[PDB]
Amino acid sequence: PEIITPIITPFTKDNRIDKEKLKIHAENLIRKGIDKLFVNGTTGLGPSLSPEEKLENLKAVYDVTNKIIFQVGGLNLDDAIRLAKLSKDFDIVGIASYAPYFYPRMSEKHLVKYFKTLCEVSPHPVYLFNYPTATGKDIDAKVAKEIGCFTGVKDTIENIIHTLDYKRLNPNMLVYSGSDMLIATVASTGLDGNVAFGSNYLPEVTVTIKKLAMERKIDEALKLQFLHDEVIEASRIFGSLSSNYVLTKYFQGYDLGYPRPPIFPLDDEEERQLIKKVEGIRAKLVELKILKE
């Protein structure tokens, strides 16, 4: 199985993408053993980005690696189509979209039509990113089969029965979990891996959990999984999307600028408090030889 990072988008003080910080972060992630980078996901604040910003992110990350899944979706299908088509000039893994968000009670016919439209125009394999809490809709194993053109799916949901069902109904589809707390479990149960937001700040931990599980060292894999779970819980105190920036600076040693408001940056005191919540975990990970002293 694979660990895929939904890579953070660093912003400058003046609310523009910091392309050079992004390239530092991407190179570090690939060097630490991350399989692929998912660009313009939730964690990268993709719904907060304009189409031109989504393209700028692709271009910046592509200067580092071609192992990229390029998220292109949004509420203007013409923009999503234009991005999908532009990707023809890049040697990437695939394009991706979440379901159309905000609007409740969308018909199944319209949801299917949306995804089939993107598959129609895509010069690359297409990945479904299912996130019912964020979008308000579920594109389950049955609907995914009906659509019929997906290479893979990332399922962000704690219900692993729903995730397994993709494999059951679509045996040749790649099936990933969006649940960081399930890296060990996903590896152990024959799924294809995780799109792990926490791999931005602890790529070492996330790849090691998977490795331990695949080496049949389940107890060791779970001990590490439970430490990673504590970091995730700490990130939720001040807001995980904002906290992710602080956690990456802390564990990885380079600055990632700011998020984009309404995803507000942590202030100096909140940053100090968050670091106090995780520094003992850092010490433990140094002691396990997972992180360099």
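Residue numbers run from 1 along the displayed sequence.
Between the stretches 33 to 41 and 261 to 269, it is 261 to 269 that shows the larger average CA temperature factor.
191 to 199 and 146 to 154 differ in mean CA B-factor, and the higher of the two is recorded for 146 to 154. In the deposited entry, the Cα temperature factor of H162 places it in the lowest third of its chain's modelled residues. In the deposited entry, the Cα temperature factor of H25 sits in the bottom third of values across the chain's modelled residues. For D63, the recorded CA B-factor ranks within the highest third of the chain. Only modelled residues enter the ranking.
Ranked within its chain, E230 lands in the middle third, by CA B factor from the PDB record. When the modelled residues of the chain are ordered by their C-alpha B factor, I69 lands in the lowest third.
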